[PDB]
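Trainee: Okay, handing you the structure first.
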Amino acid sequence: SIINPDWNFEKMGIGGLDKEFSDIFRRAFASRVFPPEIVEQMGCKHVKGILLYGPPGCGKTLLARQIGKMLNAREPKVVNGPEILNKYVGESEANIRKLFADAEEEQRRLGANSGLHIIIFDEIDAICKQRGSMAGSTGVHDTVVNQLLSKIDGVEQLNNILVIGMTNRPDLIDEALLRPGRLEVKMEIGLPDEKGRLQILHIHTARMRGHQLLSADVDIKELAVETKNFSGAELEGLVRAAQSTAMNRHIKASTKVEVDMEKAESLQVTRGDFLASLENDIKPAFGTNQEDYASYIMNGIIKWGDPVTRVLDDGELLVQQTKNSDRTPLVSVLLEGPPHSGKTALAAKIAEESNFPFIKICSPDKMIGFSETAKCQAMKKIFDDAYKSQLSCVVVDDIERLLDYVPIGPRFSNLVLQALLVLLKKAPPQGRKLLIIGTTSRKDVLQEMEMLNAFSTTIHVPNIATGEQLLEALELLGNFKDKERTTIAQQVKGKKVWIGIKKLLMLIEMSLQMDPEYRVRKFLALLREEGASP
Amino acid sequence: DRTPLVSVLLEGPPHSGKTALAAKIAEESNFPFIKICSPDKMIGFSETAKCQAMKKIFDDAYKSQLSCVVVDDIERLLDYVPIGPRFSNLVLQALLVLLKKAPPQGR
Ligand SMILES: Nc1ncnc2c1ncn2[C@@H]1O[C@H](COP(=O)(O)OP(=O)(O)OP(=O)(O)O)[C@@H](O)[C@H]1O
Ligand SMILES: Nc1ncnc2c1ncn2[C@@H]1O[C@H](COP(=O)(O)OP(=O)(O)O)[C@@H](O)[C@H]1O
Ligand SMILES: [Mg+2]
Ligand SMILES: [Mg+2]
C-alpha cells in the first residue's frame, strides 16, 4: 500500500484545503491504492498528470510537494517556466529534453519496477503557441510545445513519470495539452474563507504560543473575521510584520525608560501591534484599498440641498437590488451632468457606502501615454480580478477620456469602445454578483454611439440653480464672516445663478487673496463674469 | 440530395430574445456536432485572430457527417459603429466567402 484509504492532510502543512485533497485523490490517483494484484489483472494504465489553477500565492506548490511525498516518490525536480527560453536556435528545446534523462535511464536498466518521478512545472503557459492570438507579435516559436508533448507520449513509452503543472491564467493554455493520455485532470484552488483564515492563523503562530511569548490579550477569531479575502501569503506577512513591530516597540521603550529587568526580558507583543500593522502595514490585493479614497473625496461631501439625498438613496436601492436577488446578477448605472458638478466624488461615496469586500476604481490617471491595446489589456485584467470574489464593485472614472474623443473629426479608438461594449454584458461565473458604475459629462455622444442601450439606468447630477442654494452652500462651507454675507445675499437674490461646486471652491479661494476691503467686490465680479445660463 | 447547405437569419428589435430561440432550435435537432461562435470570448483580439478562430471552428464541421454551427451577434463581429461608419473588411469578406462553401462530398 501507499497510503491508508482515508489519507490525512492537516497540522503538518496545508491549512484551509481539506476537501481539495479528498476530491483529487478520489478522482485520479485511485489506481495506486488498490491491491497491486487486481490492478495487474485488470490491465489499466495510470494517469500521467494533473493541472492546478487559481489566484497567485494561494497555496498551490505546497499541495504539489505534499502529494509527491505521500506517494513514496523520489525528490521533486522543480523548474520555472520563463527560464527555459533562449535566443539561440534549437536551444529552448534541449532544456526541455534535459529533464527526462534520469527516468529514461532508470527505465532502461530496470523495466517495470522503477519508482515515480515528479517534474513539477511552474507558469506552464509561458511556452504556448496561443498567446500570439492576443494583439501583438510573440510567437514563442511553437516548436517548444512540440518537444514536450513528443516526450510524454511518443513512439517510445515511459511508465514512471507524473507531470504536475500550475498556471495563473487558464485561458492561454494550448488545446493540444489537455487531451486524454496527457494532462487530463483539472482543479481549482480558490481564496480561503473564514475557517481557512482561522486554521492558517492557528498554524502560523504555534511556535510563539509554545514559549508563551504571545500575550493572553490577542485572540484569533477577531483577526479571522476582519481579514476579508486575504490570501495565505498575506497572513504570513501580517504575522511577520506584527512580530517586527512589537520587537521594535519593545526595544525602543525599554531603551528610553530604564525599566527593571523583569519587563526588559519580557517581549510581549500584545494586540495593539497586531491592529497597528494590520491597518498601516499590509495592503491586500483582492480587497478594499482604503487609501485612494482620500485622493478623490478631498473636501468631504456638503449637503447644499435636496438632490444629494436623492442620488444617494438611488445608489442605495441599486446596491440592495444587486446584493440579495437572483435571476439578475449583473447591474449597471450611469451618472451624468454638466462639467465641474462633482460626479466622481458622489460615485466614490456610493461605492464606499456599500461595504462590499472588493472595490476597485479604473481611472485614466494611470494610463498616460499608453497605447490603446495597453488600455484594453488593463481593463480586461481589472475585470478578471473582479470576477474572483463573491461580491464586487468596479468604478469607471471617465468614459469620454478612455475613448480619446475629440470634437474635431470626430476621432476616437474603436478597440476600447468595442471591448467595453462587450464587457458590459458578460455575466460572471455561476453564483457570483457584480456592480458597475459609470461617469461622463457628454450624454449625447454616448447616446449616439449606441452605448446608452447597454446600461440599465441613469441618474442626473444637477447643478446649483438658485441663489438660496448658493447661500446655503456658502453658509455650510463657512466663509465671508457672515457680515459680507448679507450683502452677498442682497446681490444674489436674482436667482439666475448657474455654477458648479468645484468652480465655486476655486472662485472663493481666488477671491480670498486680497485685503478685507476689495474681497467682496472681486468675488461678486468674478461670479457675474462667469454667470452663463443654460 | 441537391441542397447540401442551408442558412437562416433571425432578426428583430433589441432585447427581444433571439439568442435563446436560436440555441433552443439548435439543441432540438439531435445533430452529432453542435458548436457556437460568439464574440463573448474574443475580447481584445485583432482582426486576423478573429479570422483564424472562425476558420478553425468552421474547418471541423467538414469532418462529420452532420453538424449545425451558430454565429451570434454578427454586428459585433464586424465592429460596427454608426459614426463613420467603420468596420473590419477582412472579417466581412471571410464570412461572405464561408457562407457559400459546400463541404466535401456527402456531408
Ligand atoms: N456635494 C458635493 N458633491 C460633489 N463634490 C463635492 C460636494 N461637496 C464638496 N465637493 C467637492 O467637490 C470636488 C468634486 O469635484 P470632482 O473632481 O468630482 O469634479 P468633476 O465634475 O468630476 O470633474 P471633471 O468633470 O473635470 O472630471 C471634491 O473636492 C469634493 O470634495
Ligand atoms: N493553505 C495554506 N496554509 C498555510 N500556508 C500557506 C497556505 N497557502 C499558502 N501558504 C503560504 O504561501 C507560501 C507559498 O506560496 P505558493 O502557494 O507557493 O505561491 P504560488 O502558488 O505562487 O507558488 C508559503 O510560505 C506558505 O506558508
Ligand atoms: Mg469627472
Ligand atoms: Mg444575443
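Identifiers in the C-alpha cells: chain A, B, ... in order shown; residue index from 1 per chain; ligand index from 1 in order shown.
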Would you list the contacts of region 40-50 of chain B as a ChimeraX atom specification, taking every protein, DNA or RNA residue within 6 Å and counting only C-alpha atoms, but skipping same-chain residues closer than 2 positions in sequence?

Mentor: /A:133-135,419 /B:38,52-53

Trainee: Kindly compile the residues surrounding ligand 3 within 8 Å, counting only C-alpha atoms and all ligand atoms, and format them as a list in words.

Mentor: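 Counting only what the definition allows, namely only C-alpha atoms and all ligand atoms, the set is residues 339, 340, 342, 343, 344, 397, 398, 439, 440 and 441 of chain A.
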
Trainee: Based on only C-alpha atoms, which of the residues in chain A come within 8 Å of chain B? I want them as a PyMOL selection string.

Mentor: chain A and resi 133-135+373+376-377+414-415+418-419+422+426+448-450

Trainee: Write out as a ChimeraX atom specification which residues come within 12 Å of residue 315 (chain A) when counting only C-alpha atoms, dropping same-chain ones fewer than 3 positions away.

Mentor: /A:308-312,318-322,331-335,346-354,435-437,457-460

Trainee: Please produce an output containing N, CA, C and O atoms for each residue in the selection, written as a tab-separated table (two decimals), in the first residue's frame.

Mentor:
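As a result, selection08.tsv now contains:
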```
chain	number	residue	atom	x	y	z
A	308	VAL	N	-28.68	65.77	-3.46
A	308	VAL	CA	-27.68	64.84	-2.93
A	308	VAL	C	-28.36	63.63	-2.31
A	308	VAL	O	-27.98	62.48	-2.55
A	309	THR	N	-29.39	63.88	-1.49
A	309	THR	CA	-30.09	62.79	-0.82
A	309	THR	C	-30.75	61.85	-1.82
A	309	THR	O	-30.71	60.63	-1.66
A	310	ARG	N	-31.37	62.41	-2.86
A	310	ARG	CA	-32.00	61.58	-3.88
A	310	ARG	C	-30.98	60.68	-4.55
A	310	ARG	O	-31.21	59.47	-4.72
A	311	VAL	N	-29.83	61.24	-4.94
A	311	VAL	CA	-28.81	60.45	-5.61
A	311	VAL	C	-28.33	59.32	-4.70
A	311	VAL	O	-28.21	58.16	-5.12
A	312	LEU	N	-28.06	59.64	-3.43
A	312	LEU	CA	-27.55	58.63	-2.51
A	312	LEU	C	-28.58	57.53	-2.28
A	312	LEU	O	-28.23	56.34	-2.21
A	318	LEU	N	-30.00	50.53	-5.69
A	318	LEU	CA	-29.35	49.65	-6.65
A	318	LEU	C	-28.42	48.66	-5.96
A	318	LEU	O	-28.36	47.48	-6.33
A	319	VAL	N	-27.68	49.13	-4.95
A	319	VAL	CA	-26.80	48.23	-4.20
A	319	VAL	C	-27.62	47.11	-3.57
A	319	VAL	O	-27.26	45.93	-3.64
A	320	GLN	N	-28.74	47.47	-2.95
A	320	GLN	CA	-29.58	46.46	-2.31
A	320	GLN	C	-30.11	45.46	-3.34
A	320	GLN	O	-30.15	44.26	-3.07
A	321	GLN	N	-30.52	45.95	-4.51
A	321	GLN	CA	-31.02	45.04	-5.54
A	321	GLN	C	-29.95	44.04	-5.94
A	321	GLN	O	-30.22	42.84	-6.07
A	322	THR	N	-28.72	44.51	-6.15
A	322	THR	CA	-27.68	43.59	-6.60
A	322	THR	C	-27.26	42.62	-5.50
A	322	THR	O	-26.79	41.52	-5.80
A	331	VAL	N	-25.68	44.33	-12.66
A	331	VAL	CA	-26.41	45.59	-12.63
A	331	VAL	C	-25.46	46.72	-13.00
A	331	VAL	O	-24.29	46.72	-12.61
A	332	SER	N	-25.97	47.69	-13.76
A	332	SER	CA	-25.18	48.83	-14.20
A	332	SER	C	-25.94	50.12	-13.93
A	332	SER	O	-27.14	50.12	-13.68
A	333	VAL	N	-25.21	51.24	-13.99
A	333	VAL	CA	-25.79	52.56	-13.76
A	333	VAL	C	-24.84	53.58	-14.36
A	333	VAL	O	-23.65	53.32	-14.54
A	334	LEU	N	-25.37	54.77	-14.67
A	334	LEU	CA	-24.59	55.83	-15.30
A	334	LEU	C	-24.92	57.16	-14.66
A	334	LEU	O	-26.10	57.54	-14.58
A	335	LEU	N	-23.90	57.88	-14.21
A	335	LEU	CA	-24.04	59.23	-13.67
A	335	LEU	C	-23.55	60.23	-14.71
A	335	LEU	O	-22.46	60.07	-15.26
A	346	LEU	N	-19.31	61.72	-5.78
A	346	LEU	CA	-20.54	61.02	-5.45
A	346	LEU	C	-20.42	59.53	-5.79
A	346	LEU	O	-20.91	58.68	-5.04
A	347	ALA	N	-19.78	59.21	-6.91
A	347	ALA	CA	-19.58	57.81	-7.26
A	347	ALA	C	-18.72	57.11	-6.21
A	347	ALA	O	-19.02	55.98	-5.80
A	348	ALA	N	-17.64	57.77	-5.77
A	348	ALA	CA	-16.79	57.17	-4.75
A	348	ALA	C	-17.55	56.95	-3.45
A	348	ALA	O	-17.40	55.90	-2.81
A	349	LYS	N	-18.37	57.92	-3.05
A	349	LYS	CA	-19.16	57.75	-1.83
A	349	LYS	C	-20.16	56.61	-1.96
A	349	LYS	O	-20.33	55.81	-1.03
A	350	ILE	N	-20.84	56.52	-3.11
A	350	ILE	CA	-21.81	55.45	-3.31
A	350	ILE	C	-21.12	54.10	-3.25
A	350	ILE	O	-21.64	53.14	-2.66
A	351	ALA	N	-19.93	53.99	-3.86
A	351	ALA	CA	-19.19	52.73	-3.79
A	351	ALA	C	-18.76	52.42	-2.36
A	351	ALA	O	-18.85	51.27	-1.92
A	352	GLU	N	-18.29	53.43	-1.62
A	352	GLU	CA	-17.77	53.18	-0.28
A	352	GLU	C	-18.87	52.76	0.68
A	352	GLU	O	-18.65	51.94	1.57
A	353	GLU	N	-20.07	53.32	0.52
A	353	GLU	CA	-21.15	53.02	1.46
A	353	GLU	C	-21.77	51.64	1.25
A	353	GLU	O	-22.75	51.32	1.92
A	354	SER	N	-21.22	50.83	0.34
A	354	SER	CA	-21.78	49.51	0.09
A	354	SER	C	-21.21	48.44	1.02
A	354	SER	O	-21.85	47.40	1.20
A	435	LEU	N	-21.35	44.79	-9.73
A	435	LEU	CA	-22.00	46.09	-9.86
A	435	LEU	C	-21.02	47.05	-10.53
A	435	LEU	O	-19.85	47.11	-10.15
A	436	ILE	N	-21.51	47.79	-11.52
A	436	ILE	CA	-20.69	48.70	-12.31
A	436	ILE	C	-21.32	50.09	-12.26
A	436	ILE	O	-22.53	50.24	-12.42
A	437	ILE	N	-20.48	51.10	-12.04
A	437	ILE	CA	-20.91	52.50	-12.01
A	437	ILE	C	-20.07	53.28	-13.00
A	437	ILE	O	-18.83	53.28	-12.92
A	457	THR	N	-29.72	51.91	-16.25
A	457	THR	CA	-30.39	53.01	-15.58
A	457	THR	C	-29.54	54.26	-15.76
A	457	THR	O	-28.44	54.22	-16.32
A	458	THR	N	-30.07	55.39	-15.29
A	458	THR	CA	-29.37	56.66	-15.39
A	458	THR	C	-29.76	57.55	-14.22
A	458	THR	O	-30.88	57.48	-13.72
A	459	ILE	N	-28.81	58.38	-13.79
A	459	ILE	CA	-29.02	59.33	-12.70
A	459	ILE	C	-28.48	60.68	-13.14
A	459	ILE	O	-27.46	60.75	-13.82
A	460	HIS	N	-29.17	61.75	-12.74
A	460	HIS	CA	-28.81	63.11	-13.12
A	460	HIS	C	-28.23	63.83	-11.92
A	460	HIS	O	-28.84	63.83	-10.84
```

Trainee: Return as a PyMOL selection string the full set of residues in region 390-455 of chain A whose backbone-based DSSP assignment is helix (DSSP H, G or I).

Mentor: chain A and resi 399-402+414-423+443-448
